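Chemist: Take a look at this one; I'll ask things after.
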Amino acid sequence: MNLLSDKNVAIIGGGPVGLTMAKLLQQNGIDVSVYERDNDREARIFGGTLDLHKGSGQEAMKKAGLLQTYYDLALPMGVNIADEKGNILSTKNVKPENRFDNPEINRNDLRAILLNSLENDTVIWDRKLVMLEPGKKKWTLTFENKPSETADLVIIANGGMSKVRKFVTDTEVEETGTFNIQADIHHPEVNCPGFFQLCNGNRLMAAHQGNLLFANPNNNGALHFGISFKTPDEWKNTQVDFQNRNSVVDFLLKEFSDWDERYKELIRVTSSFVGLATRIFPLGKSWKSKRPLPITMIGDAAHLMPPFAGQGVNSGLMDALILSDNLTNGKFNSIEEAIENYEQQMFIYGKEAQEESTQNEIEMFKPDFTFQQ
Ligand SMILES: Cc1cc2c(cc1C)N(C[C@H](O)[C@H](O)[C@H](O)COP(=O)(O)OP(=O)(O)OC[C@H]1O[C@@H](n3cnc4c(N)ncnc43)[C@H](O)[C@@H]1O)c1[nH]c(=O)[nH]c(=O)c1N2
Ligand SMILES: C[NH+](C)c1cc(NC(=O)CNC(C)(C)C)c(O)c2c1C[C@H]1C[C@H]3[C@H]([NH+](C)C)C(O)=C(C(N)=O)C(=O)[C@@]3(O)C(O)=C1C2=O
């Protein structure tokens with residue numbers, strides 16, 4: 001019959017994009033396994049919420065039959081812009097006509113939606129892919145301290161830091177020159193009451209002198225905030241130890257010195273911080289043209305970009321929707337031609353998304369930016 005009849009697909013990485021790719025193939029009768037580094041699905045995913053947009057992220061969920069399950073676990077949320085003094089400068093609340101536009105979902109809820117939709121044993125846990133080798137017809141996959149597997153098609157979906165890209169591209173991940181510190185506060189109504197009342201059930205964003213603060217007061221009962229700034233030149237080839245909360249507190253309280261005490265309370269009561277340099281996997285010249293066997297990349301492994309334009313997962317789920325339709329629609333003469341068609345479209349929307357990310361990033365970290373239009 002079709003391109004993948006009597007063939008199996010290996011997806012590397014069980015993030016939202018890989019699991020979506022698995023669902024869209026599996027529901028067309030395709031033999032697909034997902035190899036995920038993580039030991040069990042009972043592991044907290046650290047991060048904020050994700051919003052699926054109409055026409056991209058939501059299309060993927062709709063084609064999968066999971067769009068209602070997403071709406072049931074997602075939460076529409078307004079945005080408040082505030083100054084460093086705790087003045088609300090602007091309050092965009094959720095008009096009921098727009099409540100389906102991009103409601104926020106917890107990363108563990110999205111993962112659980114996608115896992116429950118797959119056949120038992122679709123995802124193989126504790127499988128860290130370390131290397132690929134193409135045979136005559138099949139790839140051999142090598143995992144850390146676990147037996148090898150084979151596949152006719154490999155889809156790299158294992159995130160922005162993937163080390164298994166080289167059969168697709170020699171493109172290297174780059175630092176953009178911004179740095180992000182993320183943290184969670186449990187029971188924020190009790191533990192950061194001032195900042196919680198400032199948020200007032202809305203997301204909050206504030207900018208003063210090249211420091212940006214973002215918060216969501218309701219990621220499944222926890223408040224999630226991030227502080228972003230131009231990487232201090234001091235930290236060329238980090239003078240802050242992120243395992244030492246006292247060191248991060250001391251750095252942040254100096255940087256936030258002229259901010260209202262409701263923001264400094266955030267910094268003071270945070271049990272642990274996570275620091276990460278902003279990185280991009282730049283889409284430039286095309287990828288390797290003549291690969292030994294069929295292989296491609298979707299999600300952050302394809303187009304990792306700064307998280308400043310609300311884009312990221314949406315272009316990933318668009319990757320999964322286009323590749324899965326190309327592999328299953330009957331229109332292509334080979335797996336290679338289905339892949340080429342996916343990559344050619346992804347290079348267009350992906351270059352646009354990356355350009356918008358990089359532009360927002362340049363603008364937002366002028367030493368004199370405020371969210372004010
Ligand atoms: C601080 C911050 C904040 C945001 C965002 C990023 C960052 C850094 N993003 C971007 C968004 O998080 C991102 O686009 C998606 O997580 C990408 O999904 P993927 O499944 O491609 O990768 P993701 O990285 O989520 O998943 C990769 C998976 O592969 C696994 N893995 C890694 N190496 C492996 C190996 N060798 N073998 C097997 N498994 C392996 C990992 O364990 C993980 O499960 C975002 N986006 C958005 O739309 N809205 C937002 O608000 C934000 N906010
Ligand atoms: C420019 N800022 C205001 C922005 C814009 C958009 N959307 C757009 O620009 C798209 N606008 C169109 C639809 C094209 C008209 C955005 O979509 C976003 C954001 C902000 C980011 C902030 C992210 C932040 N990061 C740096 C880690 C963060 O910590 C939080 C948080 N703790 O709540 C975020 O909210 C953040 O992850 C995020 O999701 C942002 C946006 O979604």
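Residue numbering restarts at 1 in every chain; chains get A, B, ... in the order shown in the structure tokens, and ligands count up from 1 in that same order.
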Taking only C-alpha atoms and all ligand atoms into account, report as a short mmCIF file (atom, residue, chain, number, x, y, z; two decimals) with N, CA, C and O atoms, in the first residue's frame which residues have an atom no farther than 8 Å from an atom of ligand 2.

Modeler:
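Generated output (selection_35.cif):
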```
data_model
loop_
_atom_site.label_atom_id
_atom_site.label_comp_id
_atom_site.auth_asym_id
_atom_site.auth_seq_id
_atom_site.Cartn_x
_atom_site.Cartn_y
_atom_site.Cartn_z
N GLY A 47 9.04 24.15 33.97
CA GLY A 47 8.77 25.22 33.00
C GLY A 47 7.43 25.91 33.26
O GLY A 47 6.62 25.42 34.10
N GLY A 48 7.16 27.00 32.55
CA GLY A 48 5.83 27.65 32.51
C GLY A 48 4.79 26.84 31.71
O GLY A 48 4.98 25.62 31.43
N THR A 49 3.71 27.52 31.35
CA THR A 49 2.60 26.98 30.54
C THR A 49 2.94 27.11 29.05
O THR A 49 3.88 27.84 28.71
N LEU A 50 2.19 26.36 28.22
CA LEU A 50 2.21 26.39 26.74
C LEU A 50 0.83 26.85 26.27
O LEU A 50 -0.15 26.47 26.88
N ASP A 51 0.77 27.63 25.20
CA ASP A 51 -0.49 28.07 24.56
C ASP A 51 -0.45 27.55 23.12
O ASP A 51 0.52 27.84 22.43
N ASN A 180 18.30 33.76 31.09
CA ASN A 180 16.96 33.61 31.68
C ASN A 180 17.14 32.85 32.97
O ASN A 180 17.93 31.89 32.96
N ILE A 181 16.52 33.34 34.04
CA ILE A 181 16.47 32.65 35.36
C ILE A 181 15.00 32.34 35.64
O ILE A 181 14.22 33.30 35.63
N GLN A 182 14.64 31.06 35.76
CA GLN A 182 13.24 30.64 35.97
C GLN A 182 13.14 30.02 37.37
O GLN A 182 14.13 29.49 37.87
N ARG A 203 -1.43 36.99 33.93
CA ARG A 203 0.03 36.96 33.68
C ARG A 203 0.53 38.37 33.94
O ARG A 203 -0.28 39.29 33.89
N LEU A 204 1.81 38.52 34.26
CA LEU A 204 2.40 39.85 34.51
C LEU A 204 3.75 39.93 33.80
O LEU A 204 4.49 38.90 33.74
N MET A 205 4.02 41.09 33.22
CA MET A 205 5.31 41.42 32.56
C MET A 205 5.71 42.81 33.03
O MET A 205 4.84 43.67 33.14
N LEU A 213 10.89 40.87 33.80
CA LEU A 213 10.27 39.91 34.72
C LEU A 213 8.97 39.50 34.07
O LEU A 213 8.21 40.41 33.66
N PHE A 214 8.76 38.18 33.99
CA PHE A 214 7.51 37.54 33.53
C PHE A 214 7.02 36.61 34.63
O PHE A 214 7.85 35.93 35.28
N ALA A 215 5.70 36.56 34.83
CA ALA A 215 5.07 35.65 35.80
C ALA A 215 3.71 35.19 35.29
O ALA A 215 3.03 35.96 34.58
N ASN A 216 3.38 33.96 35.65
CA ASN A 216 2.05 33.31 35.58
C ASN A 216 1.69 32.90 37.01
O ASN A 216 2.38 32.07 37.58
N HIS A 224 4.84 30.73 38.49
CA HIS A 224 6.07 30.51 37.70
C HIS A 224 6.54 31.89 37.21
O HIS A 224 5.73 32.58 36.57
N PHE A 225 7.77 32.27 37.53
CA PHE A 225 8.35 33.54 37.04
C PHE A 225 9.71 33.30 36.38
O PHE A 225 10.43 32.31 36.63
N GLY A 226 10.03 34.26 35.52
CA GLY A 226 11.31 34.31 34.82
C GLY A 226 11.82 35.73 34.78
O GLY A 226 11.02 36.68 34.67
N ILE A 227 13.13 35.84 34.94
CA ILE A 227 13.88 37.11 34.87
C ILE A 227 14.86 36.94 33.72
O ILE A 227 15.60 35.95 33.73
N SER A 228 14.83 37.85 32.76
CA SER A 228 15.71 37.81 31.57
C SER A 228 16.49 39.13 31.48
O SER A 228 15.94 40.18 31.85
N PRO A 306 14.77 31.88 20.56
CA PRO A 306 14.53 32.61 21.80
C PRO A 306 13.06 32.57 22.15
O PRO A 306 12.22 32.71 21.28
N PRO A 307 12.69 32.36 23.43
CA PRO A 307 11.29 32.26 23.80
C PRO A 307 10.69 33.63 24.17
O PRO A 307 10.24 33.79 25.27
N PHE A 308 10.69 34.59 23.24
CA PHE A 308 10.25 35.98 23.48
C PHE A 308 9.11 36.39 22.54
O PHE A 308 8.64 37.53 22.66
N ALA A 309 8.65 35.52 21.65
CA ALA A 309 7.55 35.84 20.70
C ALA A 309 6.38 34.88 20.91
O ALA A 309 5.55 34.73 19.99
N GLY A 310 6.27 34.27 22.08
CA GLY A 310 5.12 33.37 22.28
C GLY A 310 5.15 32.25 21.27
O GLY A 310 4.17 31.51 21.16
N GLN A 311 6.21 32.15 20.49
CA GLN A 311 6.23 30.98 19.59
C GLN A 311 7.23 29.96 20.15
O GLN A 311 8.01 30.32 21.05
N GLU A 356 11.20 36.87 13.88
CA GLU A 356 10.33 37.59 14.83
C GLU A 356 10.88 37.47 16.26
O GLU A 356 10.81 38.44 16.98
N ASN A 360 12.18 40.78 18.39
CA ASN A 360 11.62 41.02 19.75
C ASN A 360 12.77 41.03 20.76
O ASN A 360 12.82 41.96 21.57
N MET A 364 13.48 44.24 23.00
CA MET A 364 13.05 44.11 24.42
C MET A 364 14.20 44.40 25.40
O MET A 364 13.89 44.67 26.58
N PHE A 371 7.06 47.84 27.89
CA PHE A 371 6.09 47.10 27.03
C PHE A 371 5.17 48.03 26.23
O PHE A 371 4.62 47.59 25.22
#
```

Chemist: Residues at most 7 Å from ligand 1, using only C-alpha atoms and all ligand atoms? Could they come as a short mmCIF file (atom, residue, chain, number, x, y, z; two decimals) with N, CA and C atoms, in the first residue's frame?

Modeler:
```cif
data_model
loop_
_atom_site.label_atom_id
_atom_site.label_comp_id
_atom_site.auth_asym_id
_atom_site.auth_seq_id
_atom_site.Cartn_x
_atom_site.Cartn_y
_atom_site.Cartn_z
N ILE A 12 12.72 10.12 18.21
CA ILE A 12 13.67 10.36 19.31
C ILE A 12 13.17 11.57 20.09
N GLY A 13 12.65 11.33 21.29
CA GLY A 13 12.26 12.40 22.22
C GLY A 13 10.75 12.43 22.36
N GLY A 14 10.31 12.39 23.61
CA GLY A 14 8.89 12.32 23.97
C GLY A 14 8.44 13.62 24.58
N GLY A 15 8.88 14.75 24.01
CA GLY A 15 8.30 16.07 24.34
C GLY A 15 6.95 16.24 23.66
N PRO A 16 6.33 17.43 23.76
CA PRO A 16 5.00 17.63 23.18
C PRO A 16 5.02 17.40 21.66
N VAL A 17 6.09 17.79 20.99
CA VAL A 17 6.19 17.64 19.51
C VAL A 17 6.36 16.17 19.13
N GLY A 18 7.28 15.44 19.76
CA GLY A 18 7.49 14.01 19.46
C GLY A 18 6.24 13.18 19.73
N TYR A 35 11.33 6.99 21.73
CA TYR A 35 12.44 6.73 22.67
C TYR A 35 12.69 8.00 23.47
N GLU A 36 12.39 7.93 24.77
CA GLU A 36 12.46 9.08 25.72
C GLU A 36 13.50 8.75 26.80
N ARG A 37 14.47 9.65 26.95
CA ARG A 37 15.57 9.70 27.95
C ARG A 37 15.01 9.51 29.38
N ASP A 38 13.95 10.23 29.73
CA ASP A 38 13.31 10.20 31.07
C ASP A 38 12.99 8.78 31.53
N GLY A 47 9.04 24.15 33.97
CA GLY A 47 8.77 25.22 33.00
C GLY A 47 7.43 25.91 33.26
N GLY A 48 7.16 27.00 32.55
CA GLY A 48 5.83 27.65 32.51
C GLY A 48 4.79 26.84 31.71
N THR A 49 3.71 27.52 31.35
CA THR A 49 2.60 26.98 30.54
C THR A 49 2.94 27.11 29.05
N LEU A 50 2.19 26.36 28.22
CA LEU A 50 2.21 26.39 26.74
C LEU A 50 0.83 26.85 26.27
N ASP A 51 0.77 27.63 25.20
CA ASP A 51 -0.49 28.07 24.56
C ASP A 51 -0.45 27.55 23.12
N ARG A 127 15.44 5.58 27.51
CA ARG A 127 16.13 5.34 26.22
C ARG A 127 16.75 6.66 25.78
N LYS A 128 18.00 6.89 26.17
CA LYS A 128 18.82 8.04 25.71
C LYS A 128 19.56 7.64 24.43
N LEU A 129 19.11 8.12 23.27
CA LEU A 129 19.79 7.83 21.99
C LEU A 129 21.16 8.52 22.04
N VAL A 130 22.22 7.80 21.72
CA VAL A 130 23.60 8.37 21.71
C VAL A 130 24.16 8.33 20.29
N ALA A 157 13.33 14.42 17.47
CA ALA A 157 12.43 15.34 18.20
C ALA A 157 12.89 15.54 19.65
N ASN A 158 14.20 15.55 19.88
CA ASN A 158 14.77 15.45 21.25
C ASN A 158 15.32 16.82 21.69
N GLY A 159 14.80 17.92 21.15
CA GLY A 159 14.95 19.27 21.74
C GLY A 159 16.10 20.06 21.15
N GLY A 160 16.27 21.30 21.64
CA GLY A 160 17.22 22.30 21.11
C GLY A 160 18.69 21.91 21.29
N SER A 162 19.98 18.81 20.99
CA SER A 162 20.15 17.44 20.42
C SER A 162 21.60 17.27 19.98
N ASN A 180 18.30 33.76 31.09
CA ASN A 180 16.96 33.61 31.68
C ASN A 180 17.14 32.85 32.97
N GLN A 182 14.64 31.06 35.76
CA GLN A 182 13.24 30.64 35.97
C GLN A 182 13.14 30.02 37.37
N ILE A 298 12.14 17.70 13.88
CA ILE A 298 10.91 18.48 14.15
C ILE A 298 11.09 19.16 15.51
N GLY A 299 10.34 20.22 15.79
CA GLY A 299 10.33 20.89 17.11
C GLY A 299 11.60 21.68 17.35
N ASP A 300 12.03 21.77 18.61
CA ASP A 300 13.26 22.54 18.95
C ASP A 300 14.51 21.91 18.32
N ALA A 301 14.53 20.63 17.98
CA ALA A 301 15.74 20.04 17.34
C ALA A 301 15.92 20.66 15.94
N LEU A 304 15.04 25.56 17.27
CA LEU A 304 15.15 26.18 18.62
C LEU A 304 15.30 27.69 18.44
N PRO A 307 12.69 32.36 23.43
CA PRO A 307 11.29 32.26 23.80
C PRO A 307 10.69 33.63 24.17
N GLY A 310 6.27 34.27 22.08
CA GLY A 310 5.12 33.37 22.28
C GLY A 310 5.15 32.25 21.27
N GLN A 311 6.21 32.15 20.49
CA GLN A 311 6.23 30.98 19.59
C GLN A 311 7.23 29.96 20.15
N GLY A 312 7.18 28.75 19.61
CA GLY A 312 8.06 27.66 20.06
C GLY A 312 7.36 26.35 19.83
N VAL A 313 6.43 25.99 20.72
CA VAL A 313 5.75 24.69 20.56
C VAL A 313 4.87 24.73 19.31
N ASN A 314 4.26 25.88 18.99
CA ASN A 314 3.28 25.97 17.87
C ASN A 314 3.92 25.58 16.54
N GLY A 316 6.60 23.68 16.20
CA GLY A 316 6.85 22.25 16.42
C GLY A 316 5.66 21.40 16.06
#
```

Chemist: Which of these residues is nearest to residue 163 in chain A, using only C-alpha atoms: A:257, A:132, A:29, A:149?

Modeler: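 Going through A:257, A:132, A:29, A:149 one by one, the smallest distance to residue 163 in chain A is for A:132.
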
Chemist: Which residue gives the smallest distance to residue 354 in chain A among A:274, A:302, A:338, A:327, with only C-alpha atoms counted?

Modeler: A:302

Chemist: With distances taken over only C-alpha atoms, which of A:176, A:27, A:193, A:262 is nearest to residue 362 in chain A?

Modeler: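 Residue with the minimum atom-to-atom distance to residue 362 in chain A: A:176.
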